[PDB]
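Ideal geometry is used to build each Cβ from the backbone, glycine not excepted, and the neighbour counts take in all protein chains shown. No lab work stands behind these numbers, since they all come straight from the coordinates.
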Amino acid sequence: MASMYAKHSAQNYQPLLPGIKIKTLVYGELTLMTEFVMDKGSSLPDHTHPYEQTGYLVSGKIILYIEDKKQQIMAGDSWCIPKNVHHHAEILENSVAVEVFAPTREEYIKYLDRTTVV
Amino acid sequence: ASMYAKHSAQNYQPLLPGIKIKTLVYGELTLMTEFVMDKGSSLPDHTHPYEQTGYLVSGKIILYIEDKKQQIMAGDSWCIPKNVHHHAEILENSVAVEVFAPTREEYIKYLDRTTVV
Ligand SMILES: [Cu+2]
Ligand SMILES: [Cu+2]
C-alpha cells in the first residue's frame with residue numbers, strides 16, 4: 001500500500017527560502033508530512049496555498065501570524081491553517097517544525113529524502 | 001477556522017493502559033493528536049477509515065504496519081493508509097504526534113480546549 005516509514009537524518013534538507021530548509025518525511029493518499037528547519041533571524045513571507053496545513057513545533061521559538069492573529073510559538077505548540085488562509089512567520093530562534101499538508105501536496109513530493117525511506 | 005494551541009503538561013486523557021492522548025488542533029481536513037506512551041505499553045492491532053501519518057517526538061517504539069516492522073526513534077516518521085492493520089510496542093517513554101485525514105471526528109472529544117487560542 002501507501003505504507004512507508006522514514007528514518008531521521010540531518011542532511012538532504014532542500015533550500016526553500018533564506019534560512020528556511022525543507023524535507024518531506026513521508027506521504028500517503030491524503031497527507032504529506034514535511035519538516036521545516038529554520039534559522040534564527042529568517043522569515044517566511046506571506047503566502048496562501050490550497051492545502052490545509054497543520055503543524056507542530058519540535059524546537060525553537062517563532063512568531064506565527066495567521067489572518068489578523070499573532071502568536072508566539074515554542075516547543076510543543078501546534079497550529080492548523082486551513083487552505084488559502086494567509087499566514088507568515090518571523091523566526092526568532094533556530095526552530096524546527098513538523099508540518100502536515102492535506103491533501104497530498106504534489107509539489108513537495110520531490111523533496112522526499114529517499115535515502116532514509118524504509 | 002484557523003487555530004493555535006499552546007503546549008500544556010496536563011489534560012492528557014486516558015486512552016489505554018500507559019497510553020494517554022490529547023487532540024492538539026483540528027481543521028477541515030486534518031486532526032492532530034499527541035500520544036504519551038509509557039515504557040513497555042502496547043497499542044493493539046486496529047484499523048480505522050483514516051490515514052494516520054505520524055512523527056515520533058521522543059522515545060523508542062516498534063511500529064508494525066501489515067507485514068512490516070521497524071524500530072522508530074525520535075525524528076522518525078510513518079504513514080499508515082486507511083483501514084490498514086497497525087499496532088506498536090513501546091520500548092521507552094515515548095511521545096508521538098499523529099495527524100489523521102479526513103478529520104477524525106470521534107477524536108475531537110479529546111481536544112484540550114484550555115490551550116486553544
Ligand atoms: Cu505554508
Ligand atoms: Cu491507529
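Ranked from largest, the principal axis spans of the Cα set of region B:38-112 equal 32, 30, 21 Å.
Using Stokes-Einstein with the Kirkwood hydrodynamic radius over Cα pairs, what translational diffusion coefficient do you get for region A:24-68 at 20 °C and a viscosity of 1.002 mPa s, in µm²/s rounded to a whole number? Stokes-Einstein gives a translational diffusion coefficient of 166 µm²/s. Any idea what % of Cα-Cα pairs in region B:1-77 are farther than 19 Å? Beyond 19 Å sits 44 percent of the P(r) for region B:1-77. Note on B:80-88: average number of Cβ atoms from other chains within 10 Å of each residue's Cβ is 3. Legend: mean number of C-beta atoms from other chains within 10 angstrom of residue C-beta atoms, peptide A:64-75, equals 2.
Can you list the equivalent-ellipsoid semi-axes of the protein assembly as shown, largest first and in whole Å, using the square root of 5 times each Cα gyration tensor eigenvalue?
Values: eigenvalues 131, 80, 57 Å².
Rounded to whole Å, the semi-axes are 26, 20, 17.
Normalising the average separation of contacting C-alpha pairs (under 8 angstrom, six or more residues apart) by the number of residues puts the relative contact order of chain B at 35 percent.
Select from region B:12-97 those GluC sites (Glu not before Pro) which occupy a DSSP coil region and have at most 14 other Cβ atoms within 10 Å, ordered by residue number. Listed in order of number, the matching sites are B:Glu28, B:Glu66, B:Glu92. Once backbone amide H atoms are built at 1.01 Å from N, B:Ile21 has B:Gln13, B:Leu15, B:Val36 as its partners under 5 Å, excluding neighbours fewer than 5 places away on the same chain. For the peptide A:46-59, the mean number of other protein chain Cβ atoms found within 10 angstrom of a residue's Cβ is 4.
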